[PDB]
Amino acid sequence: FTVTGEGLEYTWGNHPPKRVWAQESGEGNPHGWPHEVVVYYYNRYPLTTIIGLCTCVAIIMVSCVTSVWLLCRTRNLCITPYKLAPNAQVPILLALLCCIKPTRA
Amino acid sequence: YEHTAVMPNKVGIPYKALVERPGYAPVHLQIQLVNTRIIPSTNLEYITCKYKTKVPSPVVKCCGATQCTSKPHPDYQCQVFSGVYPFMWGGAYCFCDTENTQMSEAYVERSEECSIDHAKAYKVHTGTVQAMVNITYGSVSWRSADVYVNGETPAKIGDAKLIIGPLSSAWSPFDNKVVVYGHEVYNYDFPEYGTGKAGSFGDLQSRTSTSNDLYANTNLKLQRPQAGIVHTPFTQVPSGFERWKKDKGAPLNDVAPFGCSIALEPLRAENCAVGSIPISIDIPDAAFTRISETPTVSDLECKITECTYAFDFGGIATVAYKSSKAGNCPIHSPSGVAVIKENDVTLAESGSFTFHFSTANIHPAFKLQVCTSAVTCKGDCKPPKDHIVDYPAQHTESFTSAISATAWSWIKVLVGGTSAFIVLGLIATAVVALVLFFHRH
Amino acid sequence: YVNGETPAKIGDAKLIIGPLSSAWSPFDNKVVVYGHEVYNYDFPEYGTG
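Residues numbered from 1 in each chain as written, not as in the entry; some residues may be left out. Chains lettered and ligands numbered in written order. Part of a larger assembly, values for the part shown. Heavy atoms only, no water.

This entry lists cryo-EM as its structure determination method and reports a resolution of 3.4 Å.

> What should I look at first to understand the arrangement of the chains in this one?
Counting contacts across all 2 pairs of chains that touch, the top-ranked interface belongs to chains A and B. No interface is formed between chain A and chain C, the nearest pair of C-alpha atoms being 36 Å apart. (Contact = heavy atoms within 4.5 Å.)

> Before we go on, may I ask you to explain a nonpolar patch on the surface in this structure?
Taken together, the side chains of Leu71 and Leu77 of chain A together with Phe421, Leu424, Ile427, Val431, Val435 and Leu436 of chain B define a hydrophobic patch exposed on the protein surface, amounting to about 630 Å² of accessible area. At the level of elements, α2 (49–79) of chain A together with α3 (405–440) of chain B are the ones that each hand at least two residues to the nonpolar patch. Among the structural elements, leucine 77 of chain A can be located in helix α2. (Patch = residues over 30% accessible without salt bridge, like charges linked within 9 Å, V, L, I, M, F, W, Y side chains within 5 Å. Areas by Shrake-Rupley, 256 points an atom, 1.4 Å probe, with all protein chains shown as cover. Salt bridge = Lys/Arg side-chain N within 4 Å of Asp/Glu carboxyl O. Helix = DSSP H or I, 4+ residues; strand = E, 2+ residues; numbered from the N terminus.)

> Any chance you could explain the pairing of strand β11 (residues 177–181) of chain B here in plain terms?
The side chains of a regular strand alternate, residue by residue, between the two faces of the sheet. Residue and element names in this part refer to chain B. Most of β11 sits out of view: 5 of its 5 residues are buried. Residue alternation in β11 divides its side chains into two sets, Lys177, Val179 and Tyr181 and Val178 and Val180, and both sets are buried. As judged from the 5 bridges shared by strand β9 (residues 119–137) and β11, these two strands associate in the antiparallel manner. Across the sheet, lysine 120 pairs through a bridge with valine 180, a residue of β11. (Buried < 20%, exposed > 50% of the residue type's maximum accessible area, 1.4 Å probe, protein only. Pairing = 2+ DSSP bridges.)

> Hey, could you run me through the sheet that holds strand β23 (residues 352–359) of chain B in this one?
Through backbone hydrogen bonds, the strands of a sheet pair up, either in parallel or in antiparallel fashion. Residues and elements named next belong to chain B. One open sheet accounts for 4 strands, arranged β18-β19-β23-β21; its pairing is antiparallel. The open sheet terminates on both sides in strands that have one partner only, identified here as β18 (297–306) and β21 (338–340). Across the sheet, the axes of successive neighbouring strands diverge by a mean angle of 35°, strand direction being ignored. Judged from the 3 bridges that link them, β21 and β23 form a sheet pairing that is antiparallel. Each residue of the ladder has a partner; that of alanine 338, found in β23, is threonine 359. (Axes fitted to C-alpha atoms, helices over the stretch in contact; angles between N-to-C directions.)

> When you look at the sheet that holds strand β20 (residues 328–332) of chain B in this model, what are you seeing that I'm missing?
All names here are of chain B. Pairing within the open sheet is antiparallel, and its 4 strands lie in the order β22-β20-β24-β25. Because the sheet does not close on itself, it has two edges, and the strands there are β22 (344–346) and β25 (374–376). On average, each strand axis in the sheet is inclined to that of its neighbour by 25°, with strand direction left out of account.

> Quick question: what am I supposed to make of the interface of chain B and chain A here?
At the interface, 35 residues of chain B touch 27 residues of chain A. In total, chain B and chain A occlude about 2800 Å² of area from one another, counting both sides; carbon and sulfur atoms represent 66% of this. For the pair chain B and chain A, the interface holds 1 salt bridge. Between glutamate 397 of chain B and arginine 44 of chain A there is a salt bridge whose closest N-O contact spans 3.7 Å. Linking chain B to chain A there are 9 residue pairs in polar contact. Every element with two or more residues in the side of chain B that touches chain A is listed here: β26 (388–389) and α3 of chain B. Among the elements that take part in the side of chain B that touches chain A, α3 of chain B stands out by supplying 13 residues, more than any other. (Buried area = accessible area lost by both parts, 1.4 Å probe. Polar contact = N/O pair within 3.5 Å; in protein donor to acceptor, adjacent residues only side chain to side chain.)

Shown next as structure tokens:
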């Protein structure tokens, strides 16, 4: 019989009823490596920590493809006013620091 | 002085509070419940039991005919058999051959056992709730008397005056109609005294255990006595009350939620755990001492020695203090992070004292007040070895009681860094727009 | 009895009077009965006066 922290009672035969409660022992360890943190919370909560693990990689995937849609757009505006006219001297800050494509010619 | 608060609806867990009259020393307060009984109002409709069909002596006309009228009896039956020619001891009973008549009437009534075991049918309505409180305050010992759980009525205990507030939940385990058979209570529906299908529950419906009028349909039907034997036979369906005692499920005192043990003599529902009970207590004015006749402590530093998750008092802490004089003053933690086992301490001039506490957090951040002076306590706790205990939890687990310090560092990294990775992206489009705007002129 | 289940024998007939179409009752939750007249009054509830 699965016993949670709320409790459970059982009567066997003509015996009086007996109640038992479940403590929060667990198996893992929360102060450690990220594989040890997830394992401890998976045993304590096997219904919430599998949703927040999928949610946290959903926001990270969304925020990564939002940023690279804005970092690559910015780098595409570094090149279009300089690659059109190759006679213009490209400044040394835009070659490596502000945008990735270096100097030439 | 009057102190109002809200206590939870748990039986064995005491509620601790520190009343603060201005100009006077604080007084410790402890309210504990013993019973919590919900008593619905019931009215009996009918009882039911096993029947017992009696058969009167038939008349045996030797040659003729005897008809019967209609008698005011439950499930009364008449049928006349013609040409029986019965035999008894000492030769044949009748002479007129092949023209005879037997009466053979039958009649259904309550059994002798119906005064002992009978299922009682009720409809319930919302009624009174009452409890039994345990009260101590200051140096006064424990006092107890049963109160009524309505805001309006006060019940004095000792020299105090307690008004237990109304329950915040109108939940009750009883349905609209209940059946009380013997020891246990069943949630059931009735045939409503008019109907009964002869084999399920209402084949004998009597409004009172000593009532005269009786309803019974048992499909009674008489048969022909055979081979010249003086007897009255009948076939009828078996009892529905005898069938119900075999095919009944689990009673309400094994199905009811919140651990409500069901009692019987007022038909209560004892010791449920749902909602919260507000309180209001009139502490006597003679229990408050003046604040100048009490010790005044200062320079408190608290270090938690050992802590754990456990349901019982698994934490130990020590407090180093310095006081002006020697005396007693109560301790109390106003937060919900921990509860305190002790109620008061005996102080001296610059000593130390220890106390026991219970908590559900990994890192407790509670504070406690001793001698109207507060001090904060922090520490770390360990998982307990025991898997299952046989006592309820003293503390109350919150939403953030499980997150450790290392787990919250990964929350802030996964939130702070990825949100700032869009701020770098958002500040990038506002810079090259400024660069291309400056290229326009 | 005015409910759609309990039958009553009136002579040789059998009448089942159905439920009322309205659950309206004139009494309130608390009433006071003095003499032979009823009143729709509230209660001090035994602790207050």
